[PDB]
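A.B. asks: Dropping the structure in here first, questions after.
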Number of protein chains: 4
Amino acid sequence: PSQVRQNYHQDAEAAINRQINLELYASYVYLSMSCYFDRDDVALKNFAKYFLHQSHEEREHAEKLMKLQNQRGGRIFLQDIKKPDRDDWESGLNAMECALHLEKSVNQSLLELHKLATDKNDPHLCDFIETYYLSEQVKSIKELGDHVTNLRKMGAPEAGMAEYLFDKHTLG
Amino acid sequence: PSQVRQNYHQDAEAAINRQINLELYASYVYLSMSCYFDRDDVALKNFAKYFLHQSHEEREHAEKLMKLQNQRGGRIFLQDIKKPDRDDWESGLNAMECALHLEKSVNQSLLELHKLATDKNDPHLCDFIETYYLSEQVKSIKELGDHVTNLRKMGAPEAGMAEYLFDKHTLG
Amino acid sequence: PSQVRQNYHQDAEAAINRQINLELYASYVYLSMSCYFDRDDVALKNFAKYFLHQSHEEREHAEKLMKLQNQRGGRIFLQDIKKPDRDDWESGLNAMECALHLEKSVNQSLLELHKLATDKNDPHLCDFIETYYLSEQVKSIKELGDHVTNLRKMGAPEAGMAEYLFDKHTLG
Amino acid sequence: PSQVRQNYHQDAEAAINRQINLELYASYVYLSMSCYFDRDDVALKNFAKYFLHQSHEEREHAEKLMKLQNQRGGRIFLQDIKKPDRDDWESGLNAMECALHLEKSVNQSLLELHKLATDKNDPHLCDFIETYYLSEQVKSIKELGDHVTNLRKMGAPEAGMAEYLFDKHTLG
Ligand SMILES: [Fe+3]
Ligand SMILES: [Zn+2]
Ligand SMILES: [Zn+2]
Ligand SMILES: [Zn+2]
Ligand SMILES: [Zn+2]
C-alpha cells in the first residue's frame, strides 16, 4: 500500500475514480450547452456564459477529487469522457431542465458515495463529501429549479421575448 | 404604581399590549410571505426580499412599543402570535393585496389607539403614535397601493412576464 | 414532488417545520426577557441588550431553517408562536438559568433532528445541523453556564451589587 | 396686540411665563444638587457632573420657552427664582429621588399647559409642547427611575461602596 494510506477502502478509491469521470462528463455537457448558446441562430450570450461557468466549476470539482484520491493514497485511473447526449439543446429552458437533471444525477452519485464512506467507517471521506460537494449540489439544484420556474412562467420558449429578457435580467 | 408612571391610563397600557401583539403578528405574516417567494416553484427573489424587509420592520415597530410601555411605567404582557391565515400566497399580486389589507388593519388599530389616547388626555402617547406610527402607515399603504396598481396594469398574474419584470424593475 | 426534492424524507420536512417553530418561540422568550430588564424597577440595560441580541439570533436561526426547507423542496408550514411561560423573570440570575434551560431544550430538539436525518440517510441535512446549529448550541450553553456560575458566586440576587456589577463588567 | 400675534390666548401667554419660571427653578435645584456633590465631605464628581448637566439643560428649556413667547407675540414677564427646598441633599440616592419628584412636577405642569393649549385650540403650542417637552420629560423620568432602582438595589446609601461604584460605572 501507499505509505500514506490509512482507513481508505479499495471500494472508496474505485468510487472516487468513478466520481472523477462523472464530474468531467458534467463539465463536458455544460461546455456543449455553452457553445450552443453561442451559435448565431441562438445568440444568448448570458446563457452561454452561465453554462461555461458551470463547465469550469465541474472541472474544478473533478480536480479536487483527484487531489483527494492522492491525499488518501489512492491511485487515479482515468476513463474516456463520453460525449454529451445532445448536440442541439433546443432552448434556454430545455438546457436549464437538462442541467437540473444532470445536477440531480451527480447529487445521487455523491449520496451513494457518502453511503459507501459511511458503511466503510471513513469519516474523513464522509466529511469531505459533505463539506465540498453536498451543499454545493443542493444550492445548484435549487438555483436551476428557480431558473426553470421563471422561464416557464415567462412563457419560454414559445414567448419570444422570454429567453431574451431572462438572459438580460437573471443571467446578466 | 410604577415610580415613573404619570398620566398613563390602564386602558392605554392594555391597548399598547394589544398593539404589540398585532405588530408581531404582522411581522409573522410578512415572514410567511417572504418564504413563499423563496419556494423553487415561485422563485421571485425580490418579492421575497421585500417581504422579509417588511417583516423585520414590523418587529422593530413591536419593539418600539415595548420600549414605550416600559418608558411610561406600563407592564408588557405578551400573548401568542397567531399563525398567518395562509401558507400559500398564490402570487406576487395577491401577496401585495393581502399586505395592503394587513397594513390598513394595523392602521385602523393605531387610529383607535390614538382616539383612546386623545380621550384619556395623554398627549405624549398621542404624539408618539403620530410621530412614529401614523405617517409610516400612510406611506406603507400608498406604496402597496402603487405596487398593486402596477402589477394589475401589467397583467399579473396571468401575464407570465408581469411579476418577473416587476420583481426586477420595481423591487430590484 | 418539488422539482428540486431529492433524498428529503417527509419526516425530516415535518421535523424542520417543528424546529422553525421552536426557534421562533425561543426568539420570543428572549424578547420577553429583554423587555423585563428594561423595566424601570429592574433597569439592567446590559442584561436587556444581551437577551435582545439572543432574540434576534434565534430569529436568524429560524430564517435559516426556512431557507433550508425551501432549498430542499420542502414546504414551510407555520404554527402559532406560543407566549413565554413567564411575564416576570424575577432576576438576572433567574433569567440566565431559564435561558440555559431553554438552550438545552433547543439543543435536545436539534439532536433528535440529527438522529432522524441520520436514520433517513440524509447527509446534507446532518451536515447542515452540525455546521450551523450544534456547535452554536454548545457554545451558547457553555456561555450561559459560565454566566450562571459567576452570578451565583457573586451572591446574586440577594447581594444587591452582584447583578449590577455583572451587568457592567461581564455584559457591558 | 403684537403684529405677529395670532391664535395665542392670553391664558396661554400667562401659562408660558409660569413654565419659564418653573424651568428656571428646576435649573436652580439641579445646580444646588451639583454643588452638594462637590463638597469635600461628599466628593462624588460624577453625581456633581450629572446634576450640573441637568441644570444647564433646564436653563435651555427655559430659554426655548422664552423664544416661543416672543415668536408668538407674547411678552415675557420674569419672576423671582425661588431657592431650592434644601441645602443638603443627604445622599446620591436622595438627590436622585428628589430629581425624580421634580421632573414629575415639571411634567405635570407641561401636561396642564398642553391641556390649556388644546382647550384654546392652539395647535402650534400643542405641537411645540409635544415635540420639545413631553418626550424629553418622559425620557428623563424613566432615566431617574432607573437610577433610583439601581442605587436602591445596590444598598445606597447605607452600603458605603454603592454610591461610589454607581458614580463610577453608571454616571462615569
Ligand atoms: Fe467594580
Ligand atoms: Zn460537480
Ligand atoms: Zn407596523
Ligand atoms: Zn437557536
Ligand atoms: Zn425642563
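Chain D uses Swiss-Prot numbers throughout; the residues present, in order, are 6-177.
Each residue, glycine too, has its Cβ placed from N, Cα and C.
Okay, so Swiss-Prot annotates it like this:
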- D:11-160: domain 'Ferritin-like diiron' (DOMAIN)
- D:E28, D:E63, D:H66: Fe cation 1 binding site (BINDING)
- D:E63, D:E108, D:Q142: Fe cation 2 binding site (BINDING)
A.B. asks: Quick check: which same-chain residues outside D:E28, D:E63, D:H66 lie with their CB within 8 A of the centre of the Fe cation 1 site CB atoms?
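C.D. replies: Neighbours found: D:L27, D:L29, D:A31, D:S32, D:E62, D:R64, D:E65, D:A67, D:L70, D:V111.
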A.B. asks: Beyond D:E63, D:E108, D:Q142, what residues of that chain have CB atoms within 8 A of the centre of the Fe cation 2 site's CB atoms?
C.D. replies: D:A31, D:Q59, D:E62, D:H66, D:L107, D:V111, D:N112, D:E141, D:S145, D:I146
A.B. asks: Please go through the binding-site residues D:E28, D:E63, D:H66 one by one and keep those whose C-beta falls under 6 A from any atom of ligand 1; give the result in sequence order.
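C.D. replies: If the test is a Cβ under 6 Å from any atom of ligand 1, the answer is none.
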A.B. asks: For D:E28 (Fe cation 1 binding site) and D:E108 (Fe cation 2 binding site), what Cα-Cα distance in Å is obtained after rounding to a whole number?
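C.D. replies: D:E108 (Fe cation 2 binding site) has its Cα 10 Å from the Cα of D:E28 (Fe cation 1 binding site).
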A.B. asks: Taking DSSP three-state, what's D:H66 (Fe cation 1 binding site) in: helix, strand or coil?
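C.D. replies: SS state of D:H66 (Fe cation 1 binding site) = helix.
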A.B. asks: Taking the Cα atoms as reference points, how far is D:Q142 (Fe cation 2 binding site) from D:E63 (Fe cation 1 binding site) in Å?
C.D. replies: 11
A.B. asks: Return the residues near D:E108 (Fe cation 2 binding site), defined as same-chain residues 6+ apart in sequence whose C-beta is under 8 angstroms from its C-beta, sorted by sequence, else 'none'.
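C.D. replies: Spatial neighbours, sequence-distant, of D:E108 (Fe cation 2 binding site): D:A31, D:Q142, D:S145, D:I146, D:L149.
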A.B. asks: Do any residues at least six apart in sequence from D:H66 (Fe cation 1 binding site), in the same chain, have a Cβ closer than 8 Å to its Cβ, and if so which, in order?
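C.D. replies: Result: D:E28, D:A31, D:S32, D:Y138, D:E141.
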A.B. asks: Give me the long-range Cβ neighbours of D:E63 (Fe cation 1 binding site): same chain, 6+ apart, Cβ under 8 Å, in sequence order.
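C.D. replies: Same-chain residues close to D:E63 (Fe cation 1 binding site) (Cβ under 8 Å, separated by 6 or more) are D:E28, D:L29, D:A31, D:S32, D:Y35.
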